[PDB]
Amino acid sequence: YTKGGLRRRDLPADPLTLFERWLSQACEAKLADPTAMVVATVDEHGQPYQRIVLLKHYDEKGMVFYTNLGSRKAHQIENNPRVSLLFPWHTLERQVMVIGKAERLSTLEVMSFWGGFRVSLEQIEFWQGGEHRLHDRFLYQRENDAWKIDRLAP
Amino acid sequence: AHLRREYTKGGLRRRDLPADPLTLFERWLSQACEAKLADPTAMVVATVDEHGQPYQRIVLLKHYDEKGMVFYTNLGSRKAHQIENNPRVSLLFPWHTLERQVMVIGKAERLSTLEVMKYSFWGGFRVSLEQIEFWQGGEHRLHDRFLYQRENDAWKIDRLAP
Ligand SMILES: Cc1cc2nc3c(=O)[nH]c(=O)nc-3n(C[C@H](O)[C@H](O)[C@H](O)COP(=O)(O)O)c2cc1C
Ligand SMILES: Cc1cc2nc3c(=O)[nH]c(=O)nc-3n(C[C@H](O)[C@H](O)[C@H](O)COP(=O)(O)O)c2cc1C
């Protein structure tokens with residue numbers, strides 16, 4: 001019981017506005033773990049590593065998830081803050097990608113040894129369904145206190 | 001109400017572990033297909049750019065065997081360029097629907113045109129199996145995690161904390 005069509009003219013000014021529209025629909029629809037996102041990290045050799053974590057909060061400063069601060073991710077993040085997030089909503093032909101730096105949350109907002117990270121929003125991509133296979137893709141690049149928007153290839 | 005019905009499981013013990021991690025992987029994939037999950041072969045591939053920034057995108061698994069996992073891409077797409085500059089990659093099958101995840105770590109090598117033949121310039125890469133991790137759903141949030149590390153033509157196996 002479907003969805004098809006993502007053209008430049010449905011694009012909101014704040015990407016978080018399109019994100020929320022997609023996250024509700026995911027929860028509206030069946031989709032198990034609407035908030036599950038795959039976070040990628042890179043260790044000191046250049047190797048990426050992946051694992052799912054749940055999105056707990058989000059606003060313009062970034063996306064937040066919690067984790068044990070002594071696990072492979074926390075350790076990798078501390079040597080490399082560059083991470084990537086991907087909401088795998090392929091049940092609805094969708095995908096949301098977020099590139100950004102993982103700053104360690106304060107010991108304040110977490111209210112031991114168990115904290116969380118906030119991933120800033122430097123880029124956010126939206127990939128959408130495709131009857132035929134004309135994948136709609138739109139990238140939001142954070143530029144100069146503004147969002148530079150672009151259409152990409154399928 | 002269900003003609004094809006449904007079902008789920010629990011308990012990933014060290015005893016039931018096969019000698020070859022691809023036997024367990026084959027079991028979870030059959031089990032993903034049986035429970036009519038969406039795109040059971042969908043996996044998230046993660047590459048890294050020259051600056052050390054990771055990128056991620058869903059790709060579909062087209063074949064696997066002891067040499068590695070295969071997927072197809074266009075040869076002039078961002079992930080293709082990132083691999084040519086850095087073959088290190090991660091694959092993660094997002095089977096949360098079933099409380100599972102599988103992570104594969106290895107190097108992605110371009111397949112010979114002969115390989116691409118099995119099933120613009122659409123090509124294929126094969127990720128080797130240097131590590132494969134398994135994550136299952138144990139009761140009280142107390143999860144089961146196993147890592148298969150490839151070492152000297154064999155597999156070192158170790159449980160991990162949740
Ligand atoms: C649906 C689902 C939700 C999960 N949520 C979290 C979470 O919010 N934080 C976390 O650290 N791990 C979470 N995990 C476990 C991770 O996948 C991972 O095993 C763990 O964080 C340690 O990984 P690392 O050793 O790569 O650091 C979740 C797993 C699944 C399948
Ligand atoms: C269920 C599903 C399956 C997909 N399968 C493939 C695939 O097998 N190969 C591929 O190159 N892109 C596939 N895509 C699209 C990619 O995720 C992505 O848009 C594209 O290849 C991005 O490549 P780039 O990061 O190399 O620019 C799929 C998306 C979904 C939701």
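Only heavy atoms go into these numbers, but all of them, side chains included; no hydrogens, no water, no symmetry mates. Protein chains get the first letters and strands the later ones, always in sequence-line order, with residue 1 at the start of each.
- No other option in A/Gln95, A/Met97, A/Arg82 has as many heavy-atom pairs under 4.5 Å with chain B as A/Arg82.
- Ion pairing of A/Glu109 with A/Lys56 is absent here, as no side-chain N (NZ or NE/NH1/NH2) approaches a carboxylate O to less than 4.0 Å.
- Side-chain atoms of A/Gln47 come within 3.5 Å of backbone atoms of B/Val89 as a donor-acceptor pair (strictly under, hydrogens ignored).
- For B/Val44, the parts lying under 4.5 angstrom from a heavy atom of chain A are both the backbone and the side chain.
- If you tally non-hydrogen atom pairs under 4.5 Å between each of A/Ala36, A/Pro81, A/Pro48 and chain B, the highest count goes to A/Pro48.
- For B/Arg78, the part sitting under 4.5 Å from any heavy atom of chain A is the side chain, from C-beta outward, and nothing else.
- Interface summary for chain A: among B/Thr97, B/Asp39, B/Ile58, the most heavy-atom pairs under 4.5 angstrom belong to B/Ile58.
- Residues B/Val59 and B/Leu129 are members of one and the same hydrophobic cluster, defined by side-chain heavy-atom contacts under 4.5 angstrom among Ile, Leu, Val, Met, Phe, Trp and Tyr.
- In this structure, B/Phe25 has its ring center no closer than 6.0 Å to that of B/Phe134.
- Between A/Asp145 and A/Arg142, none of the side-chain N atoms (NZ, or NE/NH1/NH2) sits under 4.0 Å from a carboxylate O, so this pair counts as no salt bridge.
- A salt bridge links A/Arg137 to A/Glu125: at least one charged side-chain nitrogen sits closer than 4.0 Å to a carboxylate oxygen.
- In this structure, chain B has no heavy atom under 4.5 Å from any part of A/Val98.
- For the set A/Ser71, A/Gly46, A/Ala32, the entry with the most heavy-atom pairs within less than 4.5 Å of chain B is A/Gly46.
- With a 4.5 angstrom heavy-atom cutoff, B/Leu37 does not touch chain A via any of its atoms.
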